[PDB]
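Notes follow once the structure below has been shown.
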Amino acid sequence: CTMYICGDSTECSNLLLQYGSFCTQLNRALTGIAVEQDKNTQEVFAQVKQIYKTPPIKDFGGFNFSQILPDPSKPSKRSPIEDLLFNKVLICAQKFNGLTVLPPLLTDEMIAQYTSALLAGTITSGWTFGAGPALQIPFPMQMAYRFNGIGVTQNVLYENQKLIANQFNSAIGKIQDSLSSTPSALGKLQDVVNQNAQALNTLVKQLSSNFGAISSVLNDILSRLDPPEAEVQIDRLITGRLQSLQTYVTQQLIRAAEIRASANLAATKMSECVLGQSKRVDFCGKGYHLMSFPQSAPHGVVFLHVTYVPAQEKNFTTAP
Amino acid sequence: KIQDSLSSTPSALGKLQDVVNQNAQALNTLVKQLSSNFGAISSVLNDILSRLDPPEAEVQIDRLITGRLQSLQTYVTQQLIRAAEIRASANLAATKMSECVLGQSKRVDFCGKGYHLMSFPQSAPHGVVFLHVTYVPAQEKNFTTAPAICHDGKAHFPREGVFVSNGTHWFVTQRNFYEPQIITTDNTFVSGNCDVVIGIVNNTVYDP
Amino acid sequence: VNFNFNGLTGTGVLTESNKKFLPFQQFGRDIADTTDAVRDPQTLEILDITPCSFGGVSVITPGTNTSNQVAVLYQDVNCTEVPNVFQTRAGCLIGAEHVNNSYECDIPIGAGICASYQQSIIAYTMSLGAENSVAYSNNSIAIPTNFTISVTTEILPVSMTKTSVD
Ligand SMILES: *[C@@H]1O[C@H](CO)[C@@H](O[C@@H]2O[C@H](CO)[C@@H](O)[C@H](O)[C@H]2NC(C)=O)[C@H](O)[C@H]1NC(C)=O
Ligand SMILES: *[C@@H]1O[C@H](CO)[C@@H](O)[C@H](O)[C@H]1NC(C)=O
Ligand SMILES: *[C@@H]1O[C@H](CO)[C@@H](O)[C@H](O)[C@H]1NC(C)=O
Ligand SMILES: *[C@@H]1O[C@H](CO)[C@@H](O)[C@H](O)[C@H]1NC(C)=O
Ligand SMILES: *[C@@H]1O[C@H](CO)[C@@H](O)[C@H](O)[C@H]1NC(C)=O
Ligand SMILES: *[C@@H]1O[C@H](CO)[C@@H](O)[C@H](O)[C@H]1NC(C)=O
Ligand SMILES: *[C@@H]1O[C@H](CO)[C@@H](O)[C@H](O)[C@H]1NC(C)=O
C-alpha cells in the first residue's frame with residue numbers, strides 16, 4: 001500500500017503513517033491469501049508421497065490411456081488432452097504502484113508430475129497406492145473390482161472386455177473432441193481468471209479517480225501546492241485510495257473463501273474419486289462410479305469421471 | 001507413538017495455535033489503532049476534550065470518529081470472514097465426528113490415511129482432535145494371476161478373491177490379506193465357458 | 001532519474017520509444033490513465049517513461065533457535081540491479097548456496113525452489129518424493145503378508161474466542 005497510496009512520495013508516506021497499521025493489516029491479509037493459495041494447491045495435488053511411473057510397454061488392457069497419460073515427445077510431460085486444456089486456457093503499470101504478482105510455488109511441470117504420478121498409480125495399482133504401499137494389479141482385474149463395487153458381477157466384464165475397452169476408447173475420444181470444440185467448457189476457470197483481472201483493473205483504474213482532490217496525480221499535487229494546502233488535498237486522496245484498497249482486499253478475502261470451499265471440494269473429489277472408488281451418487285459424475293482421472297489445468301484441476309450408465313430397456317414381470 | 005509424537009512435536013497443534021494467534025493479532029491490532037491520531041491533533045479523547053472548546057472539538061472529534069469507526073468496521077469484517085472459515089471447519093469437524101466416530105466410513109482419506117476401522121474424539125482448546133485408526137498394508141510379495149479357471153470347459157470365476165500363483169497350486173485369497181484356500185465349487189461360481197475370457201489358466205477345480 | 005518534462009514530474013528511467021505518435025500528441029497514458037510516454041519539449045523525440053527497478057525483500061531464514069545466518073530474496077528484480085548469487089524465477093536469491101541435490105521443501109522460494117538449513121543455508125529444486133517404478137504386467141498381483149495398524153492424529157479448529165466490542 002505504501003506504493004499504491006503514496007507512490008514515490010516521502011511526504012505522502014509520512015502523512016499516511018498518521019493512520020497507523022491499516023496499511024499493514026491489509027498487506028498481512030493479502031500475504032495470508034497467497035499462503036492460503038499455496039496451501040490449497042498441495043492439499044489438492046500433493047496427496048501421493050511417491051512419483052509412480054508406468055512401464056515402457058503400455059499394455060494396459062487394450063484401453064488407450066495415451067490421451068490422459070504424459071507424452072514424452074512433447075517437452076512438458078502432459079497428456080494430449082492436458083496440452084489441449086492449457087492451450088485453450090499492465091503488470092508493469094500495476095507494479096509501478098506497488099501491486100505485484102508472486103509466482104506459484106508449484107510450476108506446471110511439477111503439477112504435471114503430480115497428475116502423472118496419481119494417474120499412473122490409479123492405472124497400475126487401483127486404490128491400493130492411496131492406503132499404503134502400492135500393490136500391482138492387472139488393469140482388467142482392477143476393472144473387475146470396480147464392477148464388483150458397483151454391483152455388477154465380474155463375468156459381465158470378462159465376457160464383454162472388448163466392447164468395454166472399445167466403448168471406453170470412444171468415450172475418451174469424445175472427451176477430446178468436446179473439449180477441443182466447445183470453448184465455454186472451461187468457463188469455471190475462465191470466470192475466475194476474469195474476476196481477478198476485473199478486480200485488478202478496477203483497483204488500478206481507481207487511481208485515476210480524483211476522490212474530491214483537484215487532481216488525481218500525486219506528483220502534480222505536490223508540484224502545485226505547499227504543505228498548508230497539500231496536506232488537505234493529499235488527505236482527501238489518502239481517504240479515497242485507502243477506501244478503494246480496503247474494498248479490494250475485502251473482495252479478495254471473500255473470493256478466496258469461495259475458492260477455499262472449491263479447493264476443499266476438489267481435494268475431497270481427488271481423494272474419494274481418484275484415490276478410491278466412491279459409492280456416493282452424483283458426487284463424482286453422473287452414473288455409477290468406476291474410476292476417475294485427474295488432469296492438470298491452469299490454476300485448477302479437471303477430473304475425467306468414468307461412469308456406468310444403463311442403456312437399452314426391456315420389460316419383465318416380477319414376484320416377491 | 002501418538003502420545004510421544006504429541007508430547008515431542010510442539011508444532012503438531014499448529015492448526016489451533018494459528019487461530020489463537022490470528023485472534024490475538026486481530027485484537028492487538030484493533031486496540032493499537034486507538035493510539036493512532038487519524039488526522040487529529042491527539043489520539044487521547046480526554047486530551048482533545050480538555051484542550052479544545054466544543055465548536056472546534058467537533059471537527060477534531062469527527063476526525064477521530066471517522067478513523068476509529070473505519071477501524072472497527074474493518075475488525076468486524078475480518079471477524080466475519082474468519083468466522084465463516086471457522087464455520088466451514090466446524091462443518092468438516094462435525095461431519096468427521098458423525099462419519100468417523102459414530103460409524104465406520106468407506107470414504108478413502110476422509111478420516112485419516114488408510115482403511116478406516118474407527119476413530120476417537122479428544123477434547124482440545126477451542127477445537128477437537130481425532131485419533132483415526134487405520135489399516136495399512138506392509139510387506140510386499142509377488143504372485144502371478146489369471147482372470148478365470150477352465151475346468152470342464154466352463155469358466156469359473158471367484159466370488160470374493162484373487163488367484164495366487166504358488167507354482168503348482170492356484171489358490172483363492174481375500175483381496176487385502178494373503179490367506180490361500182483350496183479351489184472348490186464353494187468359493188467360485190460358473191458363468192459361460194473358457195472360450196471368450198482373455199487369460200484363463202485352465203487349472204483344476206475340486207468338488208468337495 | 002527524477003524528471004520534469006514541461007511540468008510532467010515523476011521518477012523513472014528514460015528509454016527510446018517505438019510508439020508512433022501523431023504530430024500533435026505530446027505525451028501518452030497507459031490503460032491505468034497515468035503518464036507512460038512523453039514527447040521531449042526541445043527536440044521532437046519520443047521517449048518511453050518507466051519507473052526505476054523495484055521489488056519486495058524477503059528474508060529466508062532458519063529460526064533464531066538454530067542460527068542467525070540469513071538469505072535475502074529480492075522478488076522479481078534482476079541480479080544485476082540488486083546492489084552466493086543465485087538466479088531463479090522469483091528473482092535473485094543471494095546468501096543461499098545453490099545445490100543440485102533435491103530435498104523436501106522447508107522454506108519455499110517459489111517456482112519450484114525451496115530452501116533449508118543443512119551447517120549452512122542451501123537453495124535447491126524441490127524433490128517431489130522418492131521414485132517408485134511399479135512392476136506392472138498383465139498377470140502379476142502383490143498381496144500383504146504381515147499387516148500393520150496405524151493411528152493418525154487429525155487436528156481441527158472448532159471455535160474462536162467470543163469477543164464483544166461495545
Ligand atoms: C509381524 O510383525 C510384528 C512386528 O511388528 C512381529 O511381532 C513381533 O514378534 C516377535 C516374536 O516373533 C516379538 O518378540 C516382538 O516383540 C513382536 N513385535 C511386535 C511389535 O509385535 C510379528 O511376529 C510379525 N508376524 C508375522 C506374521 O510375521
Ligand atoms: C491410442 O491412440 C493413439 C492416438 O494417436 C494411437 O496412435 C494409438 O495407436 C492408440 N493405441 C495405443 C494402445 O497406443
Ligand atoms: C483348456 O481346456 C480346454 C478344454 O479342455 C482345452 O481345449 C484347451 O486346450 C486347454 N488349454 C490349456 C491346456 O491351457
Ligand atoms: C506350493 O505347494 C506346495 C505343496 O506342498 C508347498 O509345499 C509349497 O510351499 C507351495 N509354494 C510354492 C512356492 O510352491
Ligand atoms: C530549440 O528548440 C527547437 C525545436 O522547437 C530545436 O529545433 C532547436 O534545435 C532547439 N535549439 C536549442 C538551442 O537547443
Ligand atoms: C539480467 O541481466 C543480465 C545482464 O544483462 C542478463 O544476461 C539476464 O538475462 C537478465 N535476467 C533477467 C531475469 O532479465
Ligand atoms: C549441477 O548440474 C549442472 C548441469 O549439469 C552443473 O553445471 C553443475 O556444476 C552441477 N552442480 C553441482 C552442485 O553438482
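Following the order of the C-alpha cells, chains are lettered A, B, ..., residues in each are numbered from 1, and ligands are numbered from 1.
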
Pull the closest atom pair for each residue of chain A that gets at most 9 Å from chain C, along with the distance in Å to one decimal, counting only C-alpha atoms, ordering rows by chain and then ascending residue number, as CSV.
```
residue,atom,partner,partner_atom,distance
A:8,CA,C:11,CA,7.4
A:46,CA,C:128,CA,8.6
A:48,CA,C:129,CA,8.5
A:49,CA,C:129,CA,5.6
A:50,CA,C:129,CA,4.8
A:51,CA,C:131,CA,5.1
A:52,CA,C:132,CA,5.3
A:53,CA,C:133,CA,5.1
A:54,CA,C:134,CA,6.8
A:55,CA,C:136,CA,6.6
A:59,CA,C:138,CA,7.4
A:60,CA,C:138,CA,7.4
A:61,CA,C:138,CA,7.8
A:90,CA,C:31,CA,7.2
A:92,CA,C:50,CA,8.3
A:93,CA,C:32,CA,7.1
A:94,CA,C:32,CA,8.2
A:95,CA,C:55,CA,8.6
A:96,CA,C:51,CA,6.5
A:98,CA,C:55,CA,8.1
A:100,CA,C:55,CA,8.2
A:102,CA,C:90,CA,7.3
A:103,CA,C:110,CA,6.1
A:104,CA,C:111,CA,5.9
A:105,CA,C:110,CA,4.1
A:106,CA,C:112,CA,5.5
A:107,CA,C:111,CA,5.5
A:110,CA,C:128,CA,7.7
A:113,CA,C:128,CA,8.2
A:114,CA,C:128,CA,8.0
A:121,CA,C:134,CA,8.4
A:124,CA,C:136,CA,6.3
A:125,CA,C:134,CA,8.3
A:134,CA,C:134,CA,7.9
A:135,CA,C:142,CA,5.0
A:136,CA,C:141,CA,5.3
A:137,CA,C:141,CA,5.0
A:138,CA,C:138,CA,4.9
A:139,CA,C:138,CA,7.4
A:140,CA,C:138,CA,8.3
A:201,CA,C:32,CA,7.9
A:204,CA,C:32,CA,6.1
A:205,CA,C:32,CA,5.3
A:206,CA,C:32,CA,8.5
A:207,CA,C:32,CA,7.5
A:208,CA,C:33,CA,6.2
A:217,CA,C:34,CA,8.0
A:219,CA,C:9,CA,6.0
A:220,CA,C:9,CA,7.1
A:223,CA,C:9,CA,7.8
```

Inset, instruction - Could you give me, as a list in words, the residues within 12 Å of residue A:20, counting only C-alpha atoms and dropping anything in the same chain fewer than 2 positions from it? - result: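 Skipping anything fewer than 2 positions along the chain leaves residues 2, 13, 14, 15, 16, 17, 18, 22, 23, 24, 25 and 26 of chain A; 29, 30, 31, 32, 33, 34, 35, 36, 37, 38, 39, 43, 67, 68 and 71 of chain B.
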
Inset, instruction - Report as a PyMOL selection string the set of chain B residues whose atoms approach chain C to within 7 Å, with distances computed over only C-alpha atoms. - result: chain B and resi 13+15-16+86+89-90+93+112+126-146+176-178

Would you mind exporting the chosen residues as a compact mmCIF listing (two decimals), in the first residue's frame, restricted to N, CA and C atoms?
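Output below, filename result38.txt:
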```
# COMPACT_ATOMS: atom_id res chain seq x y z
N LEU B 13 0.09 -28.98 16.95
CA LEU B 13 -1.20 -28.32 17.14
C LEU B 13 -1.23 -26.94 16.50
N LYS B 15 -2.55 -25.97 13.85
CA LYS B 15 -3.87 -25.62 13.33
C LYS B 15 -4.70 -24.88 14.37
N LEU B 16 -4.54 -25.19 15.66
CA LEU B 16 -5.29 -24.44 16.66
C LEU B 16 -4.52 -23.21 17.11
N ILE B 86 -14.04 -20.62 9.94
CA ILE B 86 -14.19 -21.46 11.13
C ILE B 86 -15.48 -22.28 11.03
N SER B 89 -14.85 -25.13 8.83
CA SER B 89 -14.06 -26.10 9.57
C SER B 89 -14.93 -26.87 10.56
N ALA B 90 -15.85 -26.17 11.22
CA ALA B 90 -16.78 -26.81 12.15
C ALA B 90 -17.68 -27.80 11.43
N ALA B 93 -15.48 -30.78 10.87
CA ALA B 93 -15.28 -31.49 12.13
C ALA B 93 -16.52 -32.25 12.56
N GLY B 112 -8.43 -39.97 7.86
CA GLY B 112 -7.09 -40.47 8.03
C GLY B 112 -6.62 -41.25 6.82
N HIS B 126 -10.49 -24.92 22.30
CA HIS B 126 -11.23 -24.34 21.17
C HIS B 126 -11.24 -25.24 19.92
N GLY B 127 -11.24 -26.55 20.10
CA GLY B 127 -11.18 -27.43 18.95
C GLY B 127 -11.32 -28.89 19.34
N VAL B 128 -11.17 -29.75 18.34
CA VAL B 128 -11.30 -31.19 18.51
C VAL B 128 -10.11 -31.87 17.85
N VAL B 129 -9.63 -32.95 18.47
CA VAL B 129 -8.57 -33.79 17.94
C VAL B 129 -9.13 -35.19 17.72
N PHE B 130 -8.94 -35.72 16.52
CA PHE B 130 -9.40 -37.07 16.18
C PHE B 130 -8.21 -38.01 16.09
N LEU B 131 -8.33 -39.17 16.73
CA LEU B 131 -7.36 -40.24 16.60
C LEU B 131 -7.98 -41.29 15.68
N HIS B 132 -7.49 -41.35 14.45
CA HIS B 132 -8.04 -42.24 13.43
C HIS B 132 -7.24 -43.53 13.38
N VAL B 133 -7.92 -44.66 13.51
CA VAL B 133 -7.27 -45.96 13.50
C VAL B 133 -7.46 -46.53 12.10
N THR B 134 -6.35 -46.75 11.39
CA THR B 134 -6.40 -47.20 10.00
C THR B 134 -5.60 -48.47 9.80
N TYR B 135 -6.03 -49.25 8.81
CA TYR B 135 -5.34 -50.46 8.39
C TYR B 135 -4.45 -50.12 7.21
N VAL B 136 -3.15 -50.43 7.31
CA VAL B 136 -2.20 -50.14 6.25
C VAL B 136 -1.39 -51.38 5.87
N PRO B 137 -1.46 -51.82 4.61
CA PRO B 137 -0.61 -52.92 4.12
C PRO B 137 0.88 -52.67 4.31
N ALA B 138 1.64 -53.71 4.69
CA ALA B 138 3.06 -53.51 4.93
C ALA B 138 3.84 -54.34 3.93
N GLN B 139 4.30 -55.54 4.29
CA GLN B 139 5.22 -56.30 3.45
C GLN B 139 4.64 -56.69 2.09
N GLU B 140 5.52 -56.73 1.11
CA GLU B 140 5.23 -56.98 -0.29
C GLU B 140 5.60 -58.42 -0.65
N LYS B 141 4.77 -59.06 -1.47
CA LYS B 141 5.17 -60.33 -2.04
C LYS B 141 4.46 -60.44 -3.37
N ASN B 142 5.21 -60.88 -4.38
CA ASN B 142 4.72 -61.08 -5.73
C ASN B 142 4.06 -62.43 -6.02
N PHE B 143 2.99 -62.38 -6.82
CA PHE B 143 2.29 -63.56 -7.29
C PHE B 143 1.89 -63.33 -8.74
N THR B 144 1.73 -64.42 -9.49
CA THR B 144 1.18 -64.38 -10.85
C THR B 144 -0.33 -64.61 -10.72
N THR B 145 -1.12 -63.98 -11.59
CA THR B 145 -2.57 -64.08 -11.52
C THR B 145 -3.14 -64.52 -12.86
N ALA B 146 -4.46 -64.73 -12.88
CA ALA B 146 -5.16 -65.14 -14.08
C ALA B 146 -6.63 -64.76 -13.91
N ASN B 176 -7.32 -58.23 0.47
CA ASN B 176 -6.42 -57.37 1.24
C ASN B 176 -5.55 -58.13 2.25
N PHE B 177 -5.53 -59.46 2.21
CA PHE B 177 -4.75 -60.23 3.18
C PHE B 177 -4.52 -61.64 2.66
N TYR B 178 -3.26 -62.03 2.51
CA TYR B 178 -2.94 -63.33 1.93
C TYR B 178 -3.38 -64.47 2.84
```

Inset, instruction - Output the neighbourhood of ligand 6 as a count of residues only, that is, all protein and nucleic acid residues with some atom at most 10 Å from the ligand, counting only C-alpha atoms and all ligand atoms. - result: 12

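Considering only C-alpha atoms and all ligand atoms, every residue of the polymer chains approaching ligand 4 to 6 Å or closer is listed here: residues 166, 167, 168 and 169 of chain B.
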
How about saving the chosen residues, N, CA and C atoms kept, as a PDB file, in the first residue's frame?
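Below is the file that was written, part-v1.pdb:
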```pdb
ATOM      1  N   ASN B 166       1.080 -70.079  -6.614  1.00  0.00           N
ATOM      2  CA  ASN B 166       2.057 -70.904  -5.866  1.00  0.00           C
ATOM      3  C   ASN B 166       3.155 -71.293  -6.853  1.00  0.00           C
ATOM      4  N   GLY B 167       2.736 -72.010  -7.897  1.00  0.00           N
ATOM      5  CA  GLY B 167       3.593 -72.642  -8.883  1.00  0.00           C
ATOM      6  C   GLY B 167       3.056 -73.968  -9.368  1.00  0.00           C
ATOM      7  N   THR B 168       2.257 -74.561  -8.485  1.00  0.00           N
ATOM      8  CA  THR B 168       1.797 -75.964  -8.544  1.00  0.00           C
ATOM      9  C   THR B 168       0.369 -75.951  -8.018  1.00  0.00           C
ATOM     10  N   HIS B 169      -0.059 -74.777  -7.563  1.00  0.00           N
ATOM     11  CA  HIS B 169      -1.159 -74.701  -6.576  1.00  0.00           C
ATOM     12  C   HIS B 169      -1.850 -73.344  -6.680  1.00  0.00           C
TER      13      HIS B 169
END
```

Legend entry - Two-atom distance - atom CA of residue C:120, atom 12 (C, counted along the ligand's line) of ligand 7 (Å):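 The value is 16.1 Å.
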
Would you list the contacts of stretch 276-293 of chain A as a short mmCIF file (atom, residue, chain, number, x, y, z; two decimals) with N, CA, C and O atoms, in the first residue's frame, taking every protein, DNA or RNA residue within 6 Å and counting only C-alpha atoms, but skipping same-chain residues closer than 4 positions in sequence?
```cif
data_model
loop_
_atom_site.label_atom_id
_atom_site.label_comp_id
_atom_site.auth_asym_id
_atom_site.auth_seq_id
_atom_site.Cartn_x
_atom_site.Cartn_y
_atom_site.Cartn_z
N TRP A 127 -6.80 -48.64 -6.08
CA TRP A 127 -6.85 -47.76 -4.92
C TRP A 127 -5.79 -48.08 -3.88
O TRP A 127 -5.73 -47.40 -2.85
N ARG A 146 -13.83 -52.85 -9.67
CA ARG A 146 -14.73 -51.70 -9.78
C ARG A 146 -16.14 -52.11 -10.19
O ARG A 146 -17.14 -51.56 -9.69
N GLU A 272 -11.50 -39.15 -2.95
CA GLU A 272 -12.60 -40.11 -2.99
C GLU A 272 -12.92 -40.62 -4.38
O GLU A 272 -13.52 -41.70 -4.50
N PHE A 303 -11.26 -33.26 -13.76
CA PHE A 303 -11.47 -34.67 -13.48
C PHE A 303 -12.21 -35.33 -14.63
O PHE A 303 -13.22 -34.81 -15.10
N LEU A 304 -11.70 -36.48 -15.07
CA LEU A 304 -12.39 -37.31 -16.05
C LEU A 304 -13.00 -38.48 -15.29
O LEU A 304 -12.28 -39.40 -14.88
N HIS A 305 -14.31 -38.45 -15.10
CA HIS A 305 -15.02 -39.45 -14.31
C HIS A 305 -15.57 -40.53 -15.23
O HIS A 305 -16.32 -40.22 -16.16
N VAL A 306 -15.24 -41.78 -14.95
CA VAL A 306 -15.70 -42.90 -15.76
C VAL A 306 -16.88 -43.52 -15.02
O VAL A 306 -16.74 -44.01 -13.90
N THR A 307 -18.05 -43.49 -15.66
CA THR A 307 -19.28 -43.96 -15.03
C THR A 307 -19.97 -45.03 -15.87
O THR A 307 -19.85 -45.06 -17.09
N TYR A 308 -20.70 -45.90 -15.18
CA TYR A 308 -21.52 -46.93 -15.80
C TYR A 308 -22.95 -46.42 -15.91
O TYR A 308 -23.54 -46.01 -14.90
N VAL A 309 -23.50 -46.43 -17.12
CA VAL A 309 -24.86 -45.95 -17.35
C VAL A 309 -25.70 -46.97 -18.10
O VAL A 309 -25.30 -47.45 -19.16
N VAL B 108 -12.27 -42.98 1.28
CA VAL B 108 -10.81 -43.00 1.31
C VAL B 108 -10.24 -41.62 1.62
O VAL B 108 -10.66 -40.61 1.04
#
```

Inset, instruction - Go through stretch 1-156 of chain C and collect every residue that DSSP, computed from the backbone, puts in strand (DSSP E or B); the answer should be as a VMD selection string. - result: chain C and resid 2 to 5 8 to 11 13 to 16 27 to 29 35 to 39 46 to 50 57 to 60 71 to 75 85 to 88 91 to 94 97 to 98 107 to 110 113 to 117 121 to 125 131 to 133 140 to 142 147 to 156

Legend entry - Nearest-residue call for ligand 2, choices A:64, A:10, A:76, A:42, using only C-alpha atoms and all ligand atoms: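 Of all the options, A:64 lies closest to ligand 2.
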